[PDB]
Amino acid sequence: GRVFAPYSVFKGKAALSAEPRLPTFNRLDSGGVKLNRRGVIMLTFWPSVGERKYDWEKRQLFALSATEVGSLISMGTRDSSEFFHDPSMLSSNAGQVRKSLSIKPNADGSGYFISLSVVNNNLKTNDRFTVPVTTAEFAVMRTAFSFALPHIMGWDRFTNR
C-alpha cells in the first residue's frame, strides 16, 4: 500500500513538510518495466493559526522534479533559488494558476527562508506561506533528498537483487 512518512518543520507562521512520491511504471508486454509517470519530492505548506496550531485545510503543494532537487542539494550557504510552476502549463487552463517556490539564504548563514506563493486567477486568490529552515534542518533535507533522488528517478530498480 501507500507510505506516509513526511519530514516536517513547524515554525511561527507556517509549516512545511516534504515526502518523496515514487514514479510509476508500466510493465511491458515484452517483459520487465518502463518508467511512466515521473517521481518528485512533494512539498506541503500550511498556515499557523495559533501557537503550534496549523490549518491543514489551507495547505498548498509544490512538486520538486529530480532536476529541482538537484538544484536544492547543490545549494551553498550563500545560494538562492526560485522555481516557477504552472499546474496546467500544457492544457486549456494555462495561466490560471501560478506557483512559485523560493529558497533564500538569510544574512547570518544560519538558515534559509523557503516560501511558496500560489496565485489563482480563477478563484482570484493569492496565498503565500513562508518557513525558516535552519542549517541543520536543511542539511536533513539535502541528505534525505539526495537519498531519495535515485528512487524518484527509478534508478533503484537497477539492483543486482
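The numbering used is simple: start at 1 and walk along the sequence shown.
- Message: Tell me which stretch, 117 to 125 or 62 to 70, has the higher mean Cα B-factor listed in the entry.
- Response: Higher mean C-alpha B-factor: 117 to 125.
- Task: Return whichever of 43 to 51 and 128 to 136 has the greater mean Cα B factor according to the PDB record.
- Result: Of 128 to 136 and 43 to 51, the stretch with the higher C-alpha B-factor average is 43 to 51.
- Query: Within this chain, which third does the Cα B-factor at residue 155 fall in: lowest, middle or highest?
  - Reply: As the PDB entry reports it, the C-alpha B-factor of residue 155 lands in the lowest third of its chain.
- Taking the C-alpha B-factors as the PDB entry records them, is residue 99 in the lowest, middle or highest third of its chain? Lowest third, going by the recorded CA B-factors of the chain.
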